[PDB]
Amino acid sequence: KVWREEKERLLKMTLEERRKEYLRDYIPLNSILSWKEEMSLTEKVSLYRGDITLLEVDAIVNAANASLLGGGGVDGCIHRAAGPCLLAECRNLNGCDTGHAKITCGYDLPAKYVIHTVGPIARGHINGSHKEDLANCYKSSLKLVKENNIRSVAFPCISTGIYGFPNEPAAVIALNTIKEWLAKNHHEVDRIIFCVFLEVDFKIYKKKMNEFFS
């Protein structure tokens, strides 16, 4: 396929059209409970343990590397699930800086768009620069959400695992950045989903959601 043509074709389609073609089973957005439903901004956030590539949302966020060509963790899962047009569109973007984001079509994903953001790498202790770059990943991703009329978006645990950002301080920055953005922009979205894969991340976000959104 030619990514520009496949992109034009997919972005015209309704969910009813897209569902007829889906490769895999999918998770409809109305099957994802709000934090409030699970118990005011509690209606605009979700905590979801599972596979971000199954989510039928306007955008999923990829914890990408500077090349944007794919890799391991959720990045590799997103490339396999989207198919080779995602790598082709990513190639054309010529990389992405730490704390910045770029948007592509989702191709074979149920997600309409992928927002690729490059988390900071902490080989040692997290420092002021790592902390501001991780915040900027969330902010640069949310700027693309607003600019592209994305009403549902799912975030993974950016910079955790091999990039070495400890899971608890990472969650605090993620939750803090989404809360300040929603305070100003809550009208622009129906749902921000924190899509965690690991139990350690689930347990951390579960304890914090009320502190931030209640």
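Don't overthink the numbering: it's just position in the shown sequence, from 1.
Margin query: Checking chain continuity here. Are there deposited residues lacking coordinates between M39 and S40, and if so is it 1 to 3, 4 to 9, or 10 or more (or none)?
Written below: According to the record, 10 or more deposited residues lack coordinates from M39 to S40.
Check: As stated in the PDB record, which stretch has the larger average Cα B-factor, 168-176 or 183-191?
Finding: The stretch with the larger average C-alpha B-factor is 183-191.
Notebook entry, point to check: Once you work out the mean C-alpha B-factor for both 61-69 and 144-152 from the entry, which is higher?
Noted result: On average, C-alpha B-factors are higher across 144-152.
Margin query: What third of the chain does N92 rank in for C-alpha temperature factor, lowest, middle or highest?
Written below: Top third by C-alpha B-factor.
Note to self: Quick check for you: using the entry's CA B-factors within this chain, is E56 in the lowest, middle or highest third?
What the structure shows: For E56, whose C-alpha B-factor we compare with every modelled residue in the chain, the answer is the lowest third.
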